[PDB]
Each structure stands twice: as structure tokens, then as C-alpha cells.
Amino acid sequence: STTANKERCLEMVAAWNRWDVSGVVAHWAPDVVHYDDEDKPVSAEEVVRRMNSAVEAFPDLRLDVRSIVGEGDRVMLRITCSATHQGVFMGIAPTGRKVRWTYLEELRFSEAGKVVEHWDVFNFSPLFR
């Protein structure tokens, strides 16, 4: 089941790598809660919007899972994303340049294998250095 949860996460990475946000969302429970950097909930709709913007802005993006660990109902992954910055993202004008950042994704799964809680830690300084 931790094994099953890890596979689901890899499925979500694969969905990202073919630029299919809908493929990521499909793993969400209907009552999923996403948390921002201050630990405030963010609506699933705003989450989908940020994700859609990333795929538009970083249309060649590639995610490499550097590490993944599962225990109980939890999975954590450290991921590196590489892309070229082609579109506007979170107000930042494209530079046309290669960018690369590393982050954590933490996912909590229900007994049925759907994502019920979701956290991230991003170091986005390559975008605003």
C-alpha cells in the first residue's frame, strides 16, 4: 500500500512529464487540501491554475525524481525540474533561458489511494536570482 502509493506518485510525475495536468488531478480526492508556503489551504482550482500556468510557461519541462520514500499513508519525493523559461509565470517574464529547480512534494493518501493532503517546499530562487 505504501508501495501502491509510491507508484501513484510516479504516475503523477509521468503525467507532468507529458504535460498532462489532468493526469495529476485525477489522483486527488474530492476533499483534497493543498497547503501554501504558510500552511494556509489553497483551493484546488487555484492549484490547477498554477499548474496549468507552469505547463504553459515551461513547456519542455522534465521532472527527475531524485528520491522517494513512503511510510504509512505518506509519500515524500525530492524532484528536480529542468526547463526553458518560455512563458510568463507568476508575473515573471520569460527569459528564454534554461532554468532548473529542486523541490519536495509531500502527499497524504486515503485508504483508497487518493490524495487527501498535499504539501510542497520549493526553492524557486533560480527564477528570481
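Residue numbers run from 1 along the displayed sequence.
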Legend entry - Mean C-alpha B-factor comparison - 38-46 and 64-72, higher one: 38-46
Inset, instruction - Look up the CA B-factors in the entry and say which stretch, 24-32 or 100-108, has the higher mean. - result: 24-32
Inset, instruction - Place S53 in the lowest, middle or highest third of its chain's C-alpha B-factors, as listed in the PDB entry. - result: middle
Legend entry - Third of the chain, ranked by Cα B-factor, where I92 sits: highest
